[PDB]
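Residue numbers (the authors' numbering), protein chains in the order written: chain G, 2650 to 2672; chain E, 2673 to 2842, 2845 to 2902, 2912 to 2930, 2943 to 3118, 3121 to 3175, 3214 to 3249; chain D, 2102 to 2607, 2639 to 2674.
From the three backbone atoms N, C-alpha and C, an ideal C-beta is built for every residue, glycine too.
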Amino acid sequence: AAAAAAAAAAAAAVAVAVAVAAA
Amino acid sequence: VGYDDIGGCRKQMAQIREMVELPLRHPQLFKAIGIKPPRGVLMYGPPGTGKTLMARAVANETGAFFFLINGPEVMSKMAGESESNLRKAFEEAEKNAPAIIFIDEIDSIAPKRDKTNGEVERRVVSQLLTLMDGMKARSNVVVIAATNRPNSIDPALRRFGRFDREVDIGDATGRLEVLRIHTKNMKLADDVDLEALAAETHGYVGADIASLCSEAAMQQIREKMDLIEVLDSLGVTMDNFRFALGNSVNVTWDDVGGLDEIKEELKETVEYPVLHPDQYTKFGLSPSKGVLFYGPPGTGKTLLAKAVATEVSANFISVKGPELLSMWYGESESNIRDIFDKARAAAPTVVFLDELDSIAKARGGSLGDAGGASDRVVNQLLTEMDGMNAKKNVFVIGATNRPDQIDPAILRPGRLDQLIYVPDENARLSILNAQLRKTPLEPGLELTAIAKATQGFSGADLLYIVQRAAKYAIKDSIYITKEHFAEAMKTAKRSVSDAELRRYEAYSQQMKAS
Amino acid sequence: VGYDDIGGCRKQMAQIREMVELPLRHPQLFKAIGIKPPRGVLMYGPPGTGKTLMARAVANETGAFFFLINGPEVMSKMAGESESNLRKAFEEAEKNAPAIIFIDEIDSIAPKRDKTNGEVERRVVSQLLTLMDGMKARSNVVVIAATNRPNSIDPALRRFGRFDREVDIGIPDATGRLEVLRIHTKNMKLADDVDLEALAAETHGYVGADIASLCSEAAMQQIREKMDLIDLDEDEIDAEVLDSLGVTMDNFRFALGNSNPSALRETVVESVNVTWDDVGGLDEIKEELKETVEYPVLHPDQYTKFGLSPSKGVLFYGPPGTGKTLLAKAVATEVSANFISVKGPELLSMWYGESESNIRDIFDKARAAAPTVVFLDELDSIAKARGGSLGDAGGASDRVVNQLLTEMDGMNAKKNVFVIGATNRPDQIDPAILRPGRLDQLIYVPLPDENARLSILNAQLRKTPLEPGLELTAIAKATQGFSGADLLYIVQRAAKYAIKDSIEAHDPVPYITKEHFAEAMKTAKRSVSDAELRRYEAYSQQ
Ligand SMILES: Nc1ncnc2c1ncn2[C@@H]1O[C@H](COP(=O)(O)OP(=O)(O)O)[C@@H](O)[C@H]1O
Ligand SMILES: Nc1ncnc2c1ncn2[C@@H]1O[C@H](COP(=O)(O)OP(=O)(O)O)[C@@H](O)[C@H]1O
Ligand SMILES: [Mg+2]
Ligand SMILES: [Mg+2]
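So, in structure tokens, the structure goes:
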């Protein structure tokens, strides 16, 4: 007989950065 | 491949060859001296230089097993799989025999562990560190790396025992050797001179030369099969190579008219250090680098810079004045540093900074954000032009129309030592002759009369007149006739006023008196 | 590999040996006092200091069971095997005998929760916590860890009962580096003229593997100087030459002059070659700089005898093109302390709070490889006066200077770091920097005088053929207002005319002629302006 198996590895996220303006 | 298939990278190739083969050829020497040899190399340089070719050649010349690992290939999204891939690769390499592991583009899988956010990157970094160093880490197997930016790697990876050796794989003789070795298997011709190729292709990395040769060889057959013993008398000629190059300016000491003394001085000061390094080493002194041009606009300063850049085998990086400033904090200085790093990364090179009045501006004091930005830009330029550098071969050439607004730190000797002034009918005759080189002319036209009626025009005005004459000739067609010049002469511009001429004369007189 | 291979960290070595050995050798003491020993170690420090070497040593020596776990090697493709792997590992470790566990790169499988995504990481961290300290936590088992970034570990793991004693295996001192050098050179055959005591002193920041690299490089150079001279003999190695092998002191000097500490590999300065004889004039400034630099490092016993720390900072200011950066080059070339050159706006960044991270990184690098000379070139850019600007540039350019203030004189352990500043507008730097403890001594470097300019000319022509009947004093007495760069330009033009004459003749002219040099002097420059020299003169007078 056969059998199943579960697997959950990872995902992908998004970050936000701040910049500085010298006019 | 083999050791004979490598050219130009002579010293680094020899160093890698000895450090890899001496353990393999005979380990008795290292047993006698009682020290283990280095077991890691970090190659760095621009892409397409021949680094993986060198690794493959060394692996072929020795009884090794070249195993290639790509950066993006091994990285995956699954958890605990990329590390398993690296472990399996190392186990395979160590299983069979003493081998060479070439892991390409490690910078993609070595993000310094601080600027990254994905846990898989840190995990594979740690796996690499454990594999290279640790309990029974390596047993007679060497690893080779490759990257474009060696800075973006873990400090733990640039340690001894992992990447103890760093090799810089970045000239004319190497380029000629590559040309010779890439055309060894084809009979090109009898009148093809490789000196022009080694002098004209002055910006080729080395992998582009193979593409150039293949393209020329393919185009030779492409042009020699439209109509068609045929195998006899086959091969490429100079025309095919020129076409391949056509598929970085086109001037040679002819498009510039007049200014003979300026031409001679520039030619001497630029060609002497390039042609005779031996003489300067005997005299034990460095050459002058900087030249500044000032005068009215549209006089031919860019043309002169291109004309003095072309005869040498140097590159040419022309940047406008305001073509680098940014609204952000530290972007202009980053651009300046990148420009100079590129300029000194391919020696010799001439850098043409245009409109210094926009960059220098005589920083002094302005009390503003723009003032601070100008101060920082000026300081960065000052440090790069003459600072904690090596000044191998860099020829900064300046060009502005308002030298009075330059700080006395860039005009200082050693940065822009030569203060050349660029200012006649006899010169205008030469300018017209150089402009009308390849043109069907009429015997009846007299350029002397045209030059006599200028009385203070610039080369831009002469080019405008020539363009109007060409437009009239094309309008008539749809040789150049005299009436086109007659009707185009009336519509003169004379964009340069008189007060600016007085200002330039005063500046030149003050400089001469100083 | 045993306990004698590792040297330079005797204190940390004993700290680990006590808990790894005494509970297993003499357990009667702890039952007599009735306190169980500490069980857990976290070796941290810069990479290559010898953490894995110390683990190997304690493994090969003790008769107790040793189990090795690597960081990323515990997790697998399927969900729920990292925890199963850890369970099996600990069960095997505790199944049979008192055991030692050693986790390489614990930072790779112990990320700080609340800042990491992915549930498997959290689950494996929790499983590790439960294994090391939970109900019926452990039964006579010791755990050791090794990491380079301890701060990136779950605080629940850095508690007593899990990791109670965090030993700091850091960079050795001169004695430790001497011990490391002596241990590494025990099997390699050297020459009788090689002295280890002197060689250890020049190295400052070299830690462990760095020293090993030095030794290996020296051996390689020795091999390559004479192996090439003799036949390769690929068929067999001649026995007579094998007994002639060794390493000379010159080999070690050559290998040392090329190598740099692994920490400061990213900030390596190019091999620019200047010497004290190459700087003409300003001899008193030269001697003052030598005094303030090389007294602290060569004679530290005197300073502790007097019970005072030395002065650190210096700032050269003056007209452009006089020898400021030249003095920096000379210091970088012929001084034992490490050099970290930095350009003026080089450290600034696009983003928010990164110019200060850059400053932090370079100053931590300087403090790690002490003594160190940090040369800030064109201080007028980053060290701008706070004052008032009313803009984001003012906001960012004010934050960067404040970081400098707290980094040179803040909460630090007085490590040797000498800051050299070089500016051309010394009125435009905040007075909070031009203060003792930051840059105490302000050296003004005027234009050279007759004797100084003549000395500059003599230094510049050190390696130039000259006619026997040349009198440089005359050109020196007929010059006023010039700078060293202008005299250099005069020399360059004279050389260029000599080269022109040589090429025209083509050794027709094996020297620079007085006529060539006069032609060069014809186009005198006078770089610096008298209208602007009065600014420096007024500033110095004030
Ligand atoms: N020094 C060299 N000698 C001979 N061929 C070269 C050299 N450098 C590059 N090439 C050519 O470039 C091609 C690919 O170069 P490669 O080494 O893969 O680039 P990279 O250095 O980016 O790995 C090869 O087919 C090879 O013939
Ligand atoms: N002496 C000259 N001989 C030939 N062409 C010239 C001369 N001076 C100017 N020109 C022409 O006029 C144009 C001048 O442009 P450019 O030199 O870039 O401006 P600027 O002189 O302000 O640097 C060029 O396209 C060039 O062909
Ligand atoms: Mg280790
Ligand atoms: Mg300087």
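Test item: CB-CB of residue i and residue j under 8 Å
i, j, result
"residue 3078 of chain E", "residue 2479 of chain D", "yes"
"residue 3166 of chain E", "residue 3220 of chain E", "yes"
"residue 2429 of chain D", "residue 2464 of chain D", "no"
"residue 2671 of chain D", "residue 2527 of chain D", "yes"
"residue 2843 of chain E", "residue 3091 of chain E", "No coordinates exist for residue 2843 of chain E in the structure shown, because the numbering of chain E passes directly from 2842 to 2845."
"residue 2233 of chain D", "residue 2244 of chain D", "yes"
"residue 2420 of chain D", "residue 2279 of chain D", "no"
"residue 2930 of chain E", "residue 2889 of chain E", "yes"
"residue 2143 of chain D", "residue 2302 of chain D", "no"
"residue 2560 of chain D", "residue 2306 of chain D", "no"
"residue 3105 of chain E", "residue 3068 of chain E", "no"
"residue 2920 of chain E", "residue 2887 of chain E", "no"
Residue i versus residue j: straight-line alpha-carbon distance, rounded
i, j, result
"residue 2550 of chain D", "residue 2442 of chain D", "30 Å"
"residue 2894 of chain E", "residue 3006 of chain E", "28 Å"
"residue 2896 of chain E", "residue 2914 of chain E", "14 Å"
"residue 2700 of chain E", "residue 2336 of chain D", "12 Å"
"residue 2771 of chain E", "residue 2737 of chain E", "5 Å"
"residue 2660 of chain D", "residue 2376 of chain D", "26 Å"
"residue 2224 of chain D", "residue 2178 of chain D", "15 Å"
"residue 2108 of chain D", "residue 2553 of chain D", "51 Å"
"residue 2741 of chain E", "residue 2813 of chain E", "15 Å"
"residue 2452 of chain D", "residue 2867 of chain E", "53 Å"
"residue 2257 of chain D", "residue 2140 of chain D", "16 Å"
"residue 2132 of chain D", "residue 2405 of chain D", "45 Å"
"residue 2193 of chain D", "residue 2161 of chain D", "19 Å"
"residue 2523 of chain D", "residue 2529 of chain D", "13 Å"
"residue 3249 of chain E", "residue 3115 of chain E", "14 Å"
"residue 3038 of chain E", "residue 2472 of chain D", "34 Å"
"residue 3128 of chain E", "residue 3136 of chain E", "14 Å"
"residue 3228 of chain E", "residue 3096 of chain E", "19 Å"
"residue 2249 of chain D", "residue 2206 of chain D", "8 Å"
"residue 2164 of chain D", "residue 2184 of chain D", "28 Å"
"residue 2861 of chain E", "residue 2330 of chain D", "40 Å"
"residue 2885 of chain E", "residue 2601 of chain D", "41 Å"
"residue 2262 of chain D", "residue 2231 of chain D", "11 Å"
"residue 3075 of chain E", "residue 2433 of chain D", "21 Å"
"residue 2645 of chain D", "residue 2569 of chain D", "10 Å"
For residue j and residue i, believed in contact at Cβ under 8 Å, the rounded distance
i, j, result
"residue 2221 of chain D", "residue 2176 of chain D", "7 Å"
"residue 2173 of chain D", "residue 2799 of chain E", "4 Å"
"residue 2308 of chain D", "residue 2454 of chain D", "30 Å between Cβ atoms; not a contact."
"residue 2841 of chain E", "residue 2722 of chain E", "7 Å"
"residue 2548 of chain D", "residue 2584 of chain D", "6 Å"
"residue 2168 of chain D", "residue 2210 of chain D", "In fact, because the Cβ distance is near 15 Å, the residues do not count as touching under 8 Å."
Near ligand 6: residue i beta-carbon under 7 Å from a heavy atom
i, result
"residue 3227 of chain E", "Questions concerning ligand 6 fall outside what the structure shown contains, since the ligands it does hold are ligand 1, ligand 2, ligand 3 and ligand 4."
Interface residues of the segment 2654-2672 of chain G facing chain E [CB-CB below 9 Å]: 2656, 2657, 2658, 2659, 2660, 2661, 2662, 2664, 2668, 2669, 2670, 2671, 2672
Taking Cβ-Cβ distances below 8 Å as the criterion, which residues of the segment 2164-2176 of chain D are in contact with chain E? 2169, 2171, 2172, 2173, 2174, 2176
Compile a chain-ordered list of the residues in the segment 2485-2498 of chain D whose CB is closer than 7 Å to at least one CB of chain G. 2492, 2493, 2494, 2497
To be precise: take each residue of the segment 2592-2607 of chain D, compare its Cβ to all Cβ atoms of chain E, and keep it if any distance is under 8 Å. Which residues remain? 2592, 2593, 2594, 2596, 2597, 2599, 2600, 2601, 2603, 2604
Of all the residues that make up the segment 2829-2840 of chain E, which are near chain D by a beta-carbon distance shorter than 7 Å? 2830, 2831, 2832, 2833, 2836
Residues, ordered as in the chain, of the segment 2777-2789 of chain E that lie near chain G by beta-carbon distance below 9 Å: 2789
Evaluate contact between the segment 2113-2127 of chain D and the segment 2154-2174 of chain D, counting only Cβ atoms and requiring at least three cross-stretch pairs below 8 Å. yes
Examine the Cβ distances between the segment 3052-3065 of chain E and the segment 2487-2499 of chain D and report whether three or more of them are shorter than 8 Å. yes
So, do the segment 2525-2539 of chain D and the segment 2359-2369 of chain D have three or more beta carbon pairs nearer to each other than 8 Å? no
Touch check for the segment 2511-2519 of chain D and the segment 2385-2392 of chain D: three-plus C-beta pairs under 8 Å? no
Using a Cβ-Cβ cut-off of less than 8 Å, list which residues of the segment 2310-2330 of chain D approach chain E; keep chain order. 2310, 2311, 2313, 2314, 2316, 2317, 2320, 2321, 2323, 2324, 2325, 2328
Contact set between the segment 3000-3031 of chain E and chain G, restricted to residues whose Cβ is under 9 Å from the partner: 3021, 3022, 3023, 3024, 3025, 3026, 3027
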